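Trainee: So I pulled this structure from the PDB, and the sequence comes with it:
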Amino acid sequence: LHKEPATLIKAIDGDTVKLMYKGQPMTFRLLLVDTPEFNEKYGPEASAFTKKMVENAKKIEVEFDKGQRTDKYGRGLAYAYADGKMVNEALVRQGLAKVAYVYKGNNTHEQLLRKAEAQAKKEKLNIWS
Ligand SMILES: Cc1cn([C@H]2C[C@H](OP(=O)(O)O)[C@@H](COP(=O)(O)O)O2)c(=O)[nH]c1=O
Ligand SMILES: [Ca+2]
(Lines give C-alpha, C1' and ligand atoms only; values in the text may rest on other atoms or scores of the structure.)
(Ligands and ions follow the chains in the order given, each with its own letter.)
Protein backbone atom coordinates (compact mmCIF):
# COMPACT_ATOMS: atom_id res chain seq x y z
CA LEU A 1 0.00 0.00 0.00
CA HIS A 2 0.99 3.63 -0.63
CA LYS A 3 0.38 6.84 1.29
CA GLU A 4 -1.03 9.72 -0.79
CA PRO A 5 -1.49 13.35 0.14
CA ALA A 6 -4.73 14.97 1.32
CA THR A 7 -5.67 18.09 3.28
CA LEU A 8 -8.28 18.49 5.92
CA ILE A 9 -11.50 20.23 4.88
CA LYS A 10 -13.59 19.42 7.95
CA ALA A 11 -13.85 16.97 10.82
CA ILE A 12 -17.18 15.09 10.76
CA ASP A 13 -17.33 12.31 13.33
CA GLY A 14 -15.23 9.46 14.83
CA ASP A 15 -14.86 7.52 11.61
CA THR A 16 -15.59 10.01 8.82
CA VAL A 17 -13.75 13.12 7.78
CA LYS A 18 -13.99 15.49 4.80
CA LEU A 19 -10.66 15.75 3.01
CA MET A 20 -9.44 17.15 -0.24
CA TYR A 21 -7.89 14.36 -2.30
CA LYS A 22 -6.47 14.88 -5.82
CA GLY A 23 -7.88 18.43 -5.49
CA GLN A 24 -11.55 17.24 -4.97
CA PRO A 25 -13.55 17.35 -1.74
CA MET A 26 -14.49 13.86 -0.55
CA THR A 27 -15.92 12.35 2.57
CA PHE A 28 -13.65 9.54 3.76
CA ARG A 29 -14.84 6.61 5.79
CA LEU A 30 -12.09 4.96 7.81
CA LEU A 31 -11.42 1.30 6.82
CA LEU A 32 -11.87 -1.58 9.29
CA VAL A 33 -13.37 0.42 12.13
CA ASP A 34 -16.68 1.54 13.65
CA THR A 35 -17.00 4.39 15.99
CA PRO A 36 -20.25 5.07 17.92
CA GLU A 37 -22.57 7.59 16.22
CA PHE A 38 -22.42 11.02 17.86
CA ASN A 39 -25.89 10.22 19.38
CA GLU A 40 -24.46 7.14 21.14
CA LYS A 41 -22.25 6.42 24.14
CA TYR A 42 -18.62 7.37 23.40
CA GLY A 43 -19.81 8.97 20.13
CA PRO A 44 -18.87 12.43 21.24
CA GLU A 45 -15.49 11.21 22.55
CA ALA A 46 -14.69 9.42 19.30
CA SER A 47 -15.63 12.50 17.28
CA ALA A 48 -13.42 14.64 19.47
CA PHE A 49 -10.53 12.25 19.27
CA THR A 50 -10.50 12.12 15.46
CA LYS A 51 -11.14 15.87 15.19
CA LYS A 52 -8.09 16.59 17.34
CA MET A 53 -5.90 14.18 15.51
CA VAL A 54 -6.74 15.53 12.01
CA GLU A 55 -6.85 19.26 12.98
CA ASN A 56 -3.51 19.13 14.78
CA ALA A 57 -1.76 17.29 11.93
CA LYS A 58 0.82 19.07 9.85
CA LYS A 59 0.43 16.38 7.18
CA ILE A 60 -2.69 14.25 6.39
CA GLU A 61 -2.22 11.16 4.14
CA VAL A 62 -4.67 8.59 2.90
CA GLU A 63 -3.83 5.04 2.01
CA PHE A 64 -6.19 2.94 -0.13
CA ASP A 65 -6.25 -0.81 0.24
CA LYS A 66 -6.31 -3.35 -2.63
CA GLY A 67 -10.09 -3.45 -3.16
CA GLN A 68 -12.94 -0.96 -3.35
CA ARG A 69 -11.85 2.67 -2.99
CA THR A 70 -15.36 4.18 -2.77
CA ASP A 71 -18.41 2.73 -0.89
CA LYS A 72 -22.05 2.73 -2.03
CA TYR A 73 -22.49 6.28 -0.57
CA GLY A 74 -19.51 7.64 -2.57
CA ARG A 75 -17.31 7.84 0.52
CA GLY A 76 -13.63 7.16 0.06
CA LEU A 77 -12.47 4.06 1.93
CA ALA A 78 -8.96 4.51 3.30
CA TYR A 79 -6.53 4.34 6.15
CA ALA A 80 -5.92 7.93 7.30
CA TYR A 81 -2.59 9.13 8.74
CA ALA A 82 -1.90 12.22 10.84
CA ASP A 83 1.83 13.05 10.88
CA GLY A 84 2.48 9.40 10.16
CA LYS A 85 0.20 7.95 12.87
CA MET A 86 -2.77 5.93 11.69
CA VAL A 87 -6.04 7.38 12.80
CA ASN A 88 -7.82 4.07 12.33
CA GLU A 89 -5.39 2.24 14.61
CA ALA A 90 -5.31 5.07 17.20
CA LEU A 91 -9.08 4.98 17.59
CA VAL A 92 -9.10 1.22 18.15
CA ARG A 93 -6.17 1.42 20.55
CA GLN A 94 -7.97 3.93 22.67
CA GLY A 95 -11.15 1.91 22.83
CA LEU A 96 -13.11 4.50 20.83
CA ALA A 97 -13.73 2.15 17.84
CA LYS A 98 -14.30 -1.54 17.34
CA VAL A 99 -12.62 -3.45 14.48
CA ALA A 100 -15.50 -3.92 12.05
CA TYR A 101 -16.50 -4.01 8.44
CA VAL A 102 -13.72 -6.38 7.53
CA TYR A 103 -14.34 -7.10 3.85
CA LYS A 104 -12.22 -9.49 1.77
CA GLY A 105 -9.60 -7.72 -0.30
CA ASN A 106 -9.69 -4.48 1.74
CA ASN A 107 -8.24 -5.88 4.95
CA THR A 108 -4.49 -5.29 4.76
CA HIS A 109 -4.27 -3.77 8.24
CA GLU A 110 -6.73 -6.11 9.91
CA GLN A 111 -4.28 -7.89 12.15
CA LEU A 112 -2.55 -4.62 13.23
CA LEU A 113 -5.93 -3.30 14.24
CA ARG A 114 -7.07 -6.45 16.04
CA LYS A 115 -3.89 -6.32 18.09
CA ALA A 116 -4.67 -2.72 19.14
CA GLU A 117 -8.22 -3.79 20.02
CA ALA A 118 -6.91 -6.60 22.23
CA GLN A 119 -4.74 -4.13 24.06
CA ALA A 120 -7.59 -1.64 24.51
CA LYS A 121 -9.81 -4.38 25.80
CA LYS A 122 -7.12 -5.61 28.23
CA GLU A 123 -6.90 -2.03 29.57
CA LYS A 124 -10.71 -1.84 29.74
CA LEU A 125 -10.65 1.46 27.81
CA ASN A 126 -13.75 3.45 26.98
CA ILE A 127 -16.05 1.09 24.98
CA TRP A 128 -14.43 -1.83 26.82
CA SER A 129 -15.00 -0.28 30.26
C1 LIG B 1 -16.36 0.86 6.54
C2 LIG B 1 -17.21 0.40 5.36
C3 LIG B 1 -18.54 0.69 5.36
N4 LIG B 1 -19.32 0.32 4.27
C5 LIG B 1 -20.81 0.52 4.28
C6 LIG B 1 -21.41 -0.71 5.01
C7 LIG B 1 -22.59 -0.09 5.83
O8 LIG B 1 -23.77 -0.08 4.96
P9 LIG B 1 -25.16 0.33 5.65
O10 LIG B 1 -25.28 1.93 5.63
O11 LIG B 1 -26.26 -0.29 4.71
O12 LIG B 1 -25.30 -0.15 7.05
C13 LIG B 1 -22.10 1.37 6.15
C14 LIG B 1 -21.61 1.57 7.62
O15 LIG B 1 -20.96 2.88 7.63
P16 LIG B 1 -21.28 3.74 8.90
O17 LIG B 1 -20.73 2.95 10.14
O18 LIG B 1 -20.53 5.02 8.61
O19 LIG B 1 -22.83 3.89 9.08
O20 LIG B 1 -21.14 1.62 5.12
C21 LIG B 1 -18.74 -0.32 3.23
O22 LIG B 1 -19.48 -0.75 2.33
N23 LIG B 1 -17.44 -0.61 3.19
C24 LIG B 1 -16.61 -0.24 4.23
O25 LIG B 1 -15.46 -0.55 4.24
CA1 LIG C 1 -20.03 4.57 12.68
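Mentor: It's in. Numbers count the residues shown, from 1 in each chain. Ligands and ions are numbered 1, 2, ... in the order given.

Trainee: can you tell me which strand in this protein is longest?
Mentor: As assigned by DSSP state E, the longest strand anywhere in the chain is strand 3-11.

Trainee: So which elements touch it?
Mentor: Applying 3 or more C-beta pairs under 8 Å, 6 or more residues apart in numbering; DSSP states H and E, we find strand 3-11 packed against strand 16-21, helix 43-56, strand 60-63. The way it works is simple: take the backbone N, C-alpha and C, and place the C-beta from them, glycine included.

Trainee: Using the three-state scheme, assign residue 36.
Mentor: At residue 36 the chain is in coil, as set by DSSP: H, G, I helix; E, B strand; the rest coil.

Trainee: OK, contacts around the closest residue to it other than its chain neighbours?
Mentor: Spatially, and ignoring its direct neighbours in sequence, residue 36 is nearest to residue 43 (4.0 Å; C-beta to C-beta, 6 or more residues apart in numbering). Contact analysis of residue 43 by C-beta atoms under 8 Å, 6 or more residues apart in numbering lists 13, 14, 35, 36, 37.

Trainee: In this structure the fourth one contacts residue 126, no?
Mentor: No - no contact is recorded between residue 36 and residue 126 when judged using C-beta atoms under 8 Å, the distance being 9.6 Å.

Trainee: With neighbour numbers in mind, choose between those two.
Mentor: For residue 36 and residue 126, the more surrounded residue by other C-beta atoms under 10 Å is residue 36, and the numbers stand at 21 against 18.

Trainee: and the gap between the more buried one and residue 50?
Mentor: 12 Å (C-beta to C-beta, to the nearest Å).

Trainee: Need the overlap of contacts for these two.
Mentor: In terms of C-beta under 8 Å, 6+ apart, residue 36 and residue 50 are both contacted by the residues residue 14.

Trainee: ok, and the most crowded of the contacts of residue 43?
Mentor: Among the contacts of residue 43, the one with the most neighbours (other C-beta under 10 Å) is residue 14, at 28 neighbours.

Trainee: Go ahead and confirm residue 50 touches residue 85.
Mentor: No - using C-beta under 8 Å, residue 50 is not in contact with residue 85; the gap is 12.0 Å.

Trainee: Need the three-state assignment for residue 67.
Mentor: Of the three states, residue 67 takes coil under three-state DSSP.
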